[PDB]
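Q: Chains as they are written, first to last, in the deposited numbering: chain A, 233 to 290, 304 to 505; chain B, 234 to 268, 272 to 296, 303 to 502.
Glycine included, each C-beta is placed from N, C-alpha and C at the ideal position.
Before I ask anything, here is the structure I am working with.
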Ligand SMILES: O=C(O)c1ccc(-c2nn(S(=O)(=O)c3ccccc3)c3ccc(Cl)cc23)c(OCc2ccccc2)c1
């Protein structure tokens, strides 16, 4: 246990890093998804023709799939930058640094994807675009079904009503998982996470006092996260045996080589 | 400001510098001179014994590369320590977040070189928080590109250490470097220079009181930031060559990400 002032200090630290590391915060995403801003209004893609006009303003299922893979790579870069700032992370064994990231980036991506989503769609191109869930759900053969459970998770997850400051600590807890497969020094990983959890517990208590057992309930959502990554990796594997024309990113190839 | 305030600011920064960096200059100096002897790497065999005995954090391809990379992991590790320290400089965290990021982005190299001198003498360099000592003859003698990559760090430390600065001098000098208002892309230079003029004020008084016998040490120390900039460009231009010359450098995709 740390003194509560130390945890408050840790939380502020991490919020600052998160702000610096991720250009599109939940705070900015919500201001776009709600409205009353002629300054911030997205272009909305709901069919093939509006997609064709989307390029001029900012095969189809592949074009969209590949574009998602490059946004994903962009996010691993941002998450890796953030992780580097978590107190203790860079002092870990170098091999374990990779393993935490190998197993953490996806669970973090979906968490952060939820900030860019509502029941009806998802922000793209750094807020400038909005692609509707119904349009994606209607893409051919294997795709389309690739996007829907993220929406199903995002709707429930977003009802916790967390903000960027809450999320910064929650992301950290994810990265610092000492039960990831193949870690060499689990002990120093748990000790760090024991601090992030303490920081998160306090942060949640103060920022959401009317919201009973949010800490518990937020920890339970990592159950949902694990399954989404399972279903997703099973899906990517099918496209790999179906589409031999297209490829993955070197960085992406690494995250999904082995893994539970 | 009143002299008591500069004495206070200097006391403040020394206190912060102590907590932020594991191995002070005072402690390194006690190690490099004499009076638990550090494990000494002076050739290929003693390095092989360095791991599996003291099992070093950064060194675990082939030998010269392994060492070259190990320096970069320590550098990344140190950047977090400097970032922690910067957060305590009065006023720093109250600046525009983009500018905090810019000041660190362009400052860490000069601070790393500066502090590297505290761990160096003419004959070698401390590693692993003092537990190791790697000889300059060994580093200087690594093959083709790598040998010459390490020797200038030593060439700098020897001249710099002839000023005979201590941690209380160095804490302010570091602060002055961070708060450099000529870094590219700053949005609000005024408050950065305002802070720098105070750190300079504290630095000038500190040197006068701590080194009264040493005329124009303030001046001579400002002249060394002329040196630092040229050494950092030389270094960066040198890394550029190794990246384009050595194809034996294949690290894990996620590692290259962390260590870029
Ligand atoms: O303890 C520390 O504070 C500490 C800080 C920096 C280095 C260190 N970094 N680099 S660098 O990555 O090229 C670099 C340098 C300046 C700016 C940017 C990047 C070095 C290159 C040569 C040398 Cl001799 C040292 C360094 C450090 O080396 C300890 C070490 C030496 C040999 C094997 C393993 C570890 C220690």
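Under DSSP, the beta strand (DSSP E) around residue 377(A) begins and ends at which residues?
A: From DSSP, the beta strand (DSSP E) with residue 377(A) extends over 374-377.
Q: For chain A, is any of its Cβ atoms less than 8 Å away from the one on residue 499(B)?
A: Judged by the 8 Å Cβ criterion, residue 499(B) is in contact with chain A.
Q: Once DSSP output is grouped into helix, strand and coil, what is the label at residue 368(B)?
A: Strand at residue 368(B).
Q: Using the three-state DSSP reduction, which class does residue 290(A) fall into: helix, strand or coil?
A: Residue state, collapsed to three classes: coil.
Q: Under 8 Å between C-beta atoms, does residue 438(A) make it to chain B?
A: Judged by the 8 Å Cβ criterion, residue 438(A) is not in contact with chain B.
Q: Count the other CB atoms, across all protein chains shown, that sit within 10 Å of the CB of residue 456(B); report buried if there are 16 or more and exposed otherwise.
A: Result: exposed.
Q: Pick helix, strand or coil for residue 295(B), following the three-state DSSP scheme.
A: Here residue 295(B) sits in coil by DSSP.
Q: In terms of residues, what are the limits of the beta strand (DSSP E) holding residue 277(B)?
A: Unbroken beta strand (DSSP E) run through residue 277(B): 275-277.
Q: I'd like to know whether the C-beta atoms of residue 416(A) and residue 325(A) end up nearer to each other than 8 Å.
A: Cβ atoms of residue 416(A) and residue 325(A): not closer than 8 Å.
Q: Between the segment 396-414 of chain B and the segment 243-260 of chain B, do at least 3 Cβ pairs fall closer than 8 Å?
A: Cβ pair count under 8 Å is three or more, so yes.
Q: Residue 459(B) CB to nearest chain A CB: under 8 Å?
A: By this cut-off, residue 459(B) is not an interface position.
Q: Under a CB-based cut-off of 8 Å, is residue 494(B) close to chain A?
A: Cβ-Cβ to chain A under 8 Å: yes for residue 494(B).
Q: Residues in the same chain with beta-carbon distance under 7 Å from residue 480(B), minus the five sequence neighbours each way, listed in chain order, please.
A: Correct list, in chain order: 391.
Q: Check whether the segment 442-450 of chain A and the segment 321-341 of chain A are in contact - that is, three or more C-beta pairs closer than 8 Å.
A: The segment 442-450 of chain A vs the segment 321-341 of chain A: no contact.
Q: Starting from the C-beta of residue 430(B), find all residues in its chain whose C-beta is less than 8 Å away, skip the five residues before and the five after it, and write them out in chain order.
A: Contacts found: 337, 338, 341.
Q: Flag residue 367(B) as yes when its Cβ comes closer than 7 Å to any non-hydrogen atom of ligand 1, and as no otherwise.
A: For ligand 1, at least one heavy atom lies less than 7 Å from the Cβ of residue 367(B).
Q: Does the Cβ of residue 412(B) lie closer than 7 Å to at least one heavy atom of ligand 1?
A: False, no ligand heavy atom lies under 7 Å from that Cβ.
Q: Between the segment 356-375 of chain B and the segment 256-263 of chain B, are three or more C-beta pairs nearer than 8 Å?
A: Taking 8 Å as the limit for Cβ pairs, the verdict is that the segment 256-263 of chain B does touch the segment 356-375 of chain B.
Q: Taking contact to mean at least 3 C-beta pairs separated by less than 8 Å, is the segment 265-278 of chain A in contact with the segment 469-484 of chain A?
A: No: the two stretches stay apart, fewer than three of their Cβ pairs being nearer than 8 Å.
Q: Measuring from each Cβ to the nearest heavy atom of ligand 1, keep the ones under 6 Å and list them in chain order.
A: With the cut-off at 6 Å, the residues found are 294(B), 309(B), 312(B), 313(B), 314(B), 316(B), 317(B), 320(B), 351(B), 354(B), 355(B), 357(B), 358(B), 361(B), 367(B), 369(B), 376(B), 381(B), 392(B), 395(B), 477(B).
Q: Using a Cβ-Cβ distance cut-off of 8 Å, determine whether residue 318(B) contacts chain A.
A: Yes, because at least one Cβ of chain A sits closer than 8 Å to the Cβ of residue 318(B).
Q: When we look at the beta-carbon of residue 427(B) and count the other beta-carbons within 10 Å, is it buried (16 or more) or exposed?
A: Counting Cβ neighbours within 10 Å, residue 427(B) comes out exposed, since fewer than 16 surround it.
Q: Which residues in chain A sit within 8 Å of residue 314(B), going by Cβ to Cβ distance?
A: Result: empty, since nearest Cβ-Cβ is about 11 Å, beyond 8 Å.
Q: Assuming residue 309(A) contacts residue 286(A) (C-beta within less than 8 Å), just tell me the rounded distance between them.
A: Not a contact, Cβ separation roughly 10 Å.
Q: Closest Cβ-Cβ distance between residue 239(B) and chain A: below 8 Å?
A: Not an interface residue.
Q: Using the beta-carbon count (16 or more within 10 Å), is residue 233(A) buried or exposed?
A: Exposed, by the Cβ-count rule.
Q: Tell me the start and end of each unbroken alpha helix (DSSP H) in the segment 401-452 of chain A that is at least 4 residues and wholly inside, in chain order.
A: Listed in chain order, they are 409-420, 431-452.
Q: Would you please verify whether the beta carbon of residue 361(B) is less than 8 Å from any beta carbon of chain A?
A: Cβ-Cβ to chain A under 8 Å: no for residue 361(B).
Q: Sort out for me which residues DSSP pairs residue 340(B) with in a bridge.
A: In the DSSP output, where bridge partners are listed per residue, residue 340(B) has none listed.
Q: Out of 495(B), 420(B), 405(B), state which residue places its alpha-carbon closest to the alpha-carbon of residue 461(B).
A: Selected option, being the one with the closest Cα: 405(B).
Q: Run down chain B in chain order and give the residues with a C-beta less than 7 Å from the C-beta of residue 336(A).
A: In chain order: 319.
Q: Taking 8 Å as the threshold (beta carbon to beta carbon), is residue 290(A) in contact with chain B?
A: No, because no Cβ of chain B sits closer than 8 Å to the Cβ of residue 290(A).
Q: What distance in whole Å lies between the Cβ atoms of residue 420(A) and residue 331(A), which are believed to be in contact at a cut-off of 8 Å?
A: Yes, residue 331(A) and residue 420(A) are in contact; Cβ-Cβ is about 6 Å, under 8 Å.
Q: Quick check on this structure: which residue in 422(B), 458(B), 453(B), 459(B) has the alpha carbon closest to the alpha carbon of residue 441(B)?
A: Measuring from the Cα of residue 441(B), the nearest candidate turns out to be 422(B).
Q: From what residue to what residue does the alpha helix (DSSP H) around residue 331(A) run?
A: Counting along the chain, residue 331(A) falls outside any alpha helix (DSSP H), and DSSP gives it neither H nor E.
Q: Closer than 7 Å, Cβ to Cβ, to anything on chain A: give me those residues from the segment 328-354 of chain B, in chain order.
A: Taking 7 Å as the Cβ-Cβ cut-off against chain A, the residues of the segment 328-354 of chain B that qualify are 339, 343.
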